[PDB]
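If you want the building blocks of each chain, they are given just below.
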Number of protein chains: 4
Amino acid sequence: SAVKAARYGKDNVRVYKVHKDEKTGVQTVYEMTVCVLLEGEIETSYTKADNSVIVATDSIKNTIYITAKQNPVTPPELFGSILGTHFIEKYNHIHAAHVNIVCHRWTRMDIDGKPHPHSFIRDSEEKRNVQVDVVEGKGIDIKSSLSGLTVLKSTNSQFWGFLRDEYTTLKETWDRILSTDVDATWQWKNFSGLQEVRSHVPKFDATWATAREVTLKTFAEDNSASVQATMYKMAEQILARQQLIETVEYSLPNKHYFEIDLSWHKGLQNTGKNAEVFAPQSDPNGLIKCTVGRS
Amino acid sequence: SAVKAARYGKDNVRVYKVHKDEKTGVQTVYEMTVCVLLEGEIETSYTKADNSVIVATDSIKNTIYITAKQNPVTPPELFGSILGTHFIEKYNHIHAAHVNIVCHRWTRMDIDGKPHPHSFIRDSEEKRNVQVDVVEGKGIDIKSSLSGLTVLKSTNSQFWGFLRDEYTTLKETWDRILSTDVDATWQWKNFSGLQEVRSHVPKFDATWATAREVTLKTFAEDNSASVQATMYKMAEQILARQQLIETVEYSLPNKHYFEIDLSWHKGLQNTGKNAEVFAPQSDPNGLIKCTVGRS
Amino acid sequence: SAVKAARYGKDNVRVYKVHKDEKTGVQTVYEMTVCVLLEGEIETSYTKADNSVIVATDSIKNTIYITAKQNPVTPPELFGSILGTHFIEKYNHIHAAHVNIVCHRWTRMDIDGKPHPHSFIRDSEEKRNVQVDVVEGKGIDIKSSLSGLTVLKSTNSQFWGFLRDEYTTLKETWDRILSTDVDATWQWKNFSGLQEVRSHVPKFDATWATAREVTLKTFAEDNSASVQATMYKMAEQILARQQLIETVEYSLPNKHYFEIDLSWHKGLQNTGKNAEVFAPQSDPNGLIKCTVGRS
Amino acid sequence: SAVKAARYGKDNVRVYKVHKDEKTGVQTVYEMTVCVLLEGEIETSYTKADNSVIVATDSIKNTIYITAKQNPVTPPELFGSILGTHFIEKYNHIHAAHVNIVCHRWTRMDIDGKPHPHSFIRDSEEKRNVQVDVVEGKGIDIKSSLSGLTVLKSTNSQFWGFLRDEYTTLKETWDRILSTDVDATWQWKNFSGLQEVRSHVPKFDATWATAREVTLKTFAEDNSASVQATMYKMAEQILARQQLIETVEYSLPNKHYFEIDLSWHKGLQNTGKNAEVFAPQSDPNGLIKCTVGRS
Ligand SMILES: O=c1[nH]c(=O)c2nn[nH]c2[nH]1
Ligand SMILES: O=c1[nH]c(=O)c2nn[nH]c2[nH]1
Ligand SMILES: O=c1[nH]c(=O)c2nn[nH]c2[nH]1
Ligand SMILES: O=c1[nH]c(=O)c2nn[nH]c2[nH]1
Ligand SMILES: O=c1[nH]c(=O)c2nn[nH]c2[nH]1
Ligand SMILES: O=c1[nH]c(=O)c2nn[nH]c2[nH]1
Ligand SMILES: O=c1[nH]c(=O)c2nn[nH]c2[nH]1
Ligand SMILES: O=c1[nH]c(=O)c2nn[nH]c2[nH]1
Ligand SMILES: [Ar]
Ligand SMILES: [Ar]
Ligand SMILES: [Ar]
Ligand SMILES: [Ar]
Ligand SMILES: [Ar]
Ligand SMILES: [Ar]
Ligand SMILES: [Ar]
Ligand SMILES: [Ar]
Ligand code: NA
Ligand code: NA
Ligand code: NA
Ligand code: NA
């Protein structure tokens, strides 16, 4: 036997940083959950009980907190890149650092019309995420995402003209509910290293905000033929609005809202055009995935 | 042995309802999770396998969807009173209906600063809840709540002057993070019946909104001496502003954000006034409860 | 406005304790999650920002770990009584201690049919719980429970003879799947104090085990007329077998397994006696409660 | 823009099947949760709103239930292979079927020493899983796994001789707790198709049981130098005991149990050799991964 692949590190590292403006007295908060996994010349830690090649997961945890102290935590693309670079540079035998970040929402409260200087609400479980793979002499590969964006539209969704055979029961429809939890990833062009990441810093927040606007606007306005057709329109406009994106990936669940036949009870009419009351289905769900790139 | 208490019914009944304005074409969506438990002459269903006294959990489920077809699902104080009253009136041998409702957020999307007619977003897992006990001959007891309202403030929270003995390690502080998930319940004056609930329907939405505003404002603005002192301020404001409330109850966790000492590392300074990066604590957590009434 | 009720303390305190037999070298592990809330002369901590009456949640946390160092953590009825009694005795102005404990399973591994001295497995998320209310001058109220015991039987469950009206669709059945997650509580006779709890310590483990055996056996063997009729049989057995119990309480969901009609497909037969493949239903679920006492 | 990758299907399909022995009256239950995602000539469903290339997710759901009716659901390697083959054969334009299965535990109850014919307990949340990728003219790729196997050992775990620098605080130790949730995957040699899968059916259950025995026994007996060293020993013996396995992958969290310094309180001694009471850490956690193959 031999080790073909190995990586280890600290998962589920919860971090908070506050910026306090001395000038304005205005405070700003950042909260995230970090995972750092390292690869390199570490096989003997598995094969020969040789811990001398291990940067302890505890020290990795320490390093996440120290990097946050000494560097920006935003945009998360940058923080991830700084943190992964530290590890391949500090340690000769470490050749890759995989950094995953979930950003939690802390939105400034508006109190009596006025933005508050140090109060915040979690206005969604919606996350902003990054996966930063820092690979010595191969560069930095960044995937940026939003996840847990939960949306529903009460009409202007259709599903008909699908294949029918001896396995098919689904009624064609021209008016239905469509609800999803959006997971959307944009894969950046390979970066040569930390310098190139720093060179594109302003694109990260701007690209995330645009991904979010295009998702919300397309969903709200498209008379959806299908989840497939609508998610594709989303990816195309995102690609068009950022040349540094190579691919856009949507993973979208179809969270069914079933019509309820109540006609067995006093001939109550609650289907097709009379559909008022529905049974949200917890499971199963449709799951539709698509990766879109440039021709 | 004898039955001292019994109740049975259907839990976790997912309901959606849409209103479609014919003139405007504006659609409005409502989603909730319902539980109904019945009491009454049912002893023998337990003691003697006499199913003749059971309204089947399935039928209670059917009745929830039918009631929603025939009645407004908002405010949930009303919907819950209607549904409870149905069972004790319909069935001679049923004497009490316990109706629990969790309302899920579907906030109308603004697209290009214009409110969309039929697209919605879940802005937070914040719930509005009701517990409605309809008891034949005693009337209707309604508790209304907001839960899962998650907030943080970065400063203007303190905790000093607490008891100190051989069990105390906690340092006094004049500046700390305060974070919580708000559980806030208002217990209404008993209602004589459905009619009286109906007659007060304009109070339910208004009281829930002022409950929310008072929670958000007081938390934002109070230079908190303690969770205890800040939550008492909220309760007494809500009481002062709605005379049909008998009691207000806060249940608030203290979601700790621990300072990190980094002085062991290159003399890095990250405590007291230098405190920038914190470790949010998943567990344990302070739990602070208070029921406030009229003197 | 005035405070009608208050309690505060630390929730979600994870504790592990190991016993190491010096002679044998057999180790035994205990893991639990603890919550302690105190009442007493604390009103002013809420009304007047008088922290002088607060035993800090942090100190309550420290006291939990210290009590565990100095005392046995089993049975949890005892541990909870010790911990509660500490607070009302230590502090003049504290008059009640509410102690909630969840015990996690660490079952000793058998390796080659030999019980291992220091290796353990979590066999199920089944918990043993206690709720211990220590009230100065009134004594100690203990509720003991098992929860998260998940069971299914494929036959020897029925449900026919239930009420039928314009709200009923459910077909009568003489053969069905019954599945549940058992929540079962036994309420002990009030105790005068810690001494009396101590004097009964051999009853706590034995009653929990016979509670478990009676649940498992009765469920396995009863040709169930209903959840109602089967859960009443369990309660009355446990009562008959422990005279210091005042009441037994089951809370049982009916986790439905729906027949699937496949006759639309190549005349496939999968209902009544042919019923082979079912669709387990996540929601909704029957919820059936019963408190049984002595006549 | 163009579609570079696409797959769609039904996730979270809950299935139950019962075998009833006419001879012995003995019943046996199987429960699982299935996901099927298809690829093929389906790009126009995304680019041209062309649903005519879509086997509806609803029909996929129907097909899962019908396959379960007409075929064995065990071993899950086989069921997955039958179900994925159906889709690439039935539909000319479908070229791959990705099938994921979680198997839930239903263990026969022992009542009074005797195995019960139709009663079952969920004796762990431990799962058995498969990923079956059926790719037209490339064959069948099976990954088998157990997950959610939670274990703890109170001693016979070590961690010393790790790298120390300006980032290191972790104390070396020669006696510590080690707890994990085991996720273990064995990747089978590529199969030419369904026929070859059927040819190896007896290896699937036998290989899973051996993976589980080797995990439990190695964990219990190894005086662990590290998670790395111990998980490697597990993979080697698994590879040695099944030639049809190409690789073994462990993903193991290190679920820290922290010592508690209580010496500040009456000089209480609870560290090193006096360590009795510990604080289980919810987060962060070490995460150690390794893929082992043949030299
Ligand atoms: O078993 C261990 N492996 C590691 O890599 C590690 N790092 N800190 N503690 C650890 N324990
Ligand atoms: O009532 C139903 N509505 C649906 O939309 C559906 N889809 N599959 N089965 C279904 N049943
Ligand atoms: O056991 C049962 N009890 C009930 O009250 C019930 N109602 N529907 N199905 C049921 N099954
Ligand atoms: O770092 C810490 N911060 C705190 O607020 C605290 N309270 N107890 N222990 C603590 N440690
Ligand atoms: O606001 C607080 N209230 C308390 O009771 C407490 N105890 N420790 N920290 C605390 N903070
Ligand atoms: O398929 C079903 N099985 C059931 O047991 C049931 N009860 N109500 N509706 C049902 N549908
Ligand atoms: O939008 C949809 N896409 C699908 O592929 C599908 N299948 N059933 N319903 C569906 N809805
Ligand atoms: O008290 C501690 N024990 C540990 O094992 C540890 N590891 N990192 N920090 C730690 N603190
Ligand atoms: Ar942060
Ligand atoms: Ar969509
Ligand atoms: Ar609703
Ligand atoms: Ar507060
Ligand atoms: Ar414990
Ligand atoms: Ar039962
Ligand atoms: Ar199954
Ligand atoms: Ar291990
Ligand atoms: Na390096
Ligand atoms: Na009645
Ligand atoms: Na006292
Ligand atoms: Na094909």
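Residues numbered from 1 in each chain as written, not as in the entry; some residues may be left out. Chains lettered and ligands numbered in written order. Heavy atoms only, no water.

- Its PDB header names X-ray crystallography as the technique used to obtain the model and reports a resolution of 2.1900 Å.

**Examining the coordination of the sodium ion (ligand 19)**
Residue and element names in this part refer to chain C.
Stage number 1. Of the protein atoms, only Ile88 (O), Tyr91 (O), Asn92 (O), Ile94 (O) and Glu136 (OE) coordinate the sodium ion (ligand 19), at distances of 2.2 to 2.9 Å.
Stage number 2. Expressed as a motif, the donor residue spacing for the sodium ion (ligand 19) is I-x2-Y-N-x1-I-x41-E. Placement of the pair is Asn92 in the loop between α3 (76-90) and β3 (94-104) and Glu136 in the loop between β6 (127-135) and β7 (139-153), with a sequence separation of 44 residues.
Stage number 3. Overall, the relative accessible area of 67% leaves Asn92 in the exposed class.
Stage number 4. Classification of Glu136 as partly exposed rests on a relative accessible area of 39%. (Donors = N, O, S within 2.8 Å, 3.2 Å for Na, K, Ca; no water. Helix = DSSP H or I, 4+ residues; strand = E, 2+ residues; numbered from the N terminus. Buried < 20%, exposed > 50% of the residue type's maximum accessible area, 1.4 Å probe, protein only.)

**Points about the site of ligand 5**
Stage number 1. All residues adjacent to ligand 5 are B:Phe159, B:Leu170, B:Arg176, B:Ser226, B:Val227, B:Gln228, B:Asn254, C:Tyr8, C:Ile54, C:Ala56, C:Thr57 and C:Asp58.
Stage number 2. The environment around ligand 5 is built from residues contributed by chains B and C.
Stage number 3. Note that a nitrogen atom of ligand 5 is positioned 3.4 Å from one of the side-chain N or O atoms of B:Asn254.
Stage number 4. Here C:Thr57 contributes a backbone N or O atom positioned 2.8 Å from a nitrogen atom of ligand 5.
Stage number 5. Relative to its unbound accessible area of 270 Å², ligand 5 is 98% covered by the protein chains.
Stage number 6. Contributions of two or more residues to the shell around ligand 5 are made by α6 (227-241) of chain B together with α2 (57-70) of chain C.
Stage number 7. The class makeup of the residues in the shell around ligand 5 is 6 nonpolar, 4 polar and 2 charged. (Near = heavy atom within 4 Å. Polar contact = N/O pair within 3.5 Å; in protein donor to acceptor, adjacent residues only side chain to side chain. Areas by Shrake-Rupley, 256 points an atom, 1.4 Å probe, with all protein chains shown as cover. Nonpolar A, V, L, I, M, F, W, Y, C, P; charged D, E, K, R; others polar.)

**Details of the side chain of B:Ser145**
Stage number 1. Residue placement: B:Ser145 occurs in strand β7 (residues 139-153).
Stage number 2. Among all residues touching B:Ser145, those that are not within four sequence positions of it are B:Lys127, B:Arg128, B:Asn129, B:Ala184, B:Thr185, B:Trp186 and B:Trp208. (Contact = heavy atoms within 4.5 Å.)

**Examining the relation of the copies chain B and chain C**
Think of it as a corkscrew move, a rotation about one axis and a shift along it, taking one chain copy to the other.
Stage number 1. Note on the identical chains: chain B maps onto chain C by a rotation of 180° and an axial translation of 0.0 Å, with an RMSD of 0.0 Å. Taken together, these values place the two copies in the relation of a two-fold axis.
Stage number 2. When the interface residues of chain B are mapped onto chain C, 100% of them again lie at the interface, so the same face is used by both copies. (Least-squares fit on C-alpha atoms.)

**Quick look at the coordination of the sodium ion (ligand 18)**
Residues and elements named next belong to chain B.
Stage number 1. Protein-derived coordination of the sodium ion (ligand 18) comes from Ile88 (O), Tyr91 (O), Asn92 (O), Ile94 (O) and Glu136 (OE), at a distance range of 2.2 to 2.9 Å.
Stage number 2. Spacing between the donor residues of the sodium ion (ligand 18) along the chain follows I-x2-Y-N-x1-I-x41-E.
Stage number 3. Here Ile88 falls in the buried class, since its relative accessible area comes to 12%.

**What to know about the relation of the copies chain A and chain D**
Stage number 1. Aligned on chain D, chain A shows an RMSD of 0.0 Å; the corresponding rotation is 180° and the shift along the axis is 0.0 Å.
Stage number 2. Here 100% of the interface residues in chain A have copies in chain D that are interface residues too; the copies meet face to matching face.

**A few points about the pairing of strand β8 (residues 178-188) of chain C**
Residues and elements named next belong to chain C.
Stage number 1. The buried fraction of β8 is high, at 9 of 11 residues.
Stage number 2. As judged from the 9 bridges shared by β7 and β8, these two strands associate in the antiparallel manner. Paired with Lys143 across the two strands is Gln187, which belongs to β8.
Stage number 3. Across 6 bridges, the pairing between β8 and strand β9 (residues 245-254) is antiparallel. Considered in β9, the bridge of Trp186 is made with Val248. (Pairing = 2+ DSSP bridges.)

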